[PDB]
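Before any questions on binding or motion, here is one chain by itself as structure tokens, the form deposited in one PDB entry.
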């Protein structure tokens, strides 16, 4: 049903090597947002898309297999709905006061300091975040929570990170 449409989508996007490259992902995300005039964006750039692919590429093939792509695509589908719901002035962007509500709706309850850091890193000079920056941020945030969770086997809220794992987790992202 939806399982067959999705499988078709992935097959046609992934093409001859049966995995989704950064460039394939970039072209599809740009194709789709082009149809949503309520999402303001200067575009999905290659560098951003290589970042998204690396962070999602948990088997280190270089590209996104079916499950990796499914996980990402379904996140974006939920996250775009959130963005539109929380763009309560229809600017096409998420401003500083809209951001906490949006991230919280996505399951990320941060604190003022962390929201300010993300606005600082991801939002523009007026404190507005456009749609590709918003998705780029959430992919990584979601990945970073997941990485923490894997390392926190005993549920102490502290993790021990060796230098090798640190370099992999930050450089292959």
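The term rigid core refers to the most C-alpha atoms you can superpose between the two forms while keeping them within 1.5 Å. Positions refer to the first chain, counted from 1.
The same protein also exists as the form deposited in another entry; that form is not shown, yet it is the one meant from here on.
Fitting the two forms on the rigid core leaves the C-alpha of residue 36 displaced by at least 2 angstroms between this form and the one not shown. Taking 2 Å as the criterion, residue 88 counts as shifted between this form and the one not shown: its C-alpha moves by at least this amount when the rigid core is aligned. The Cα position of residue 61 differs by 2 Å or more between this form and the one not shown after fitting on the rigid core. Inter-residue distance, residue 22 to residue 6 (Cα): reduced by at least 3 Å in the other entry versus the depicted form.
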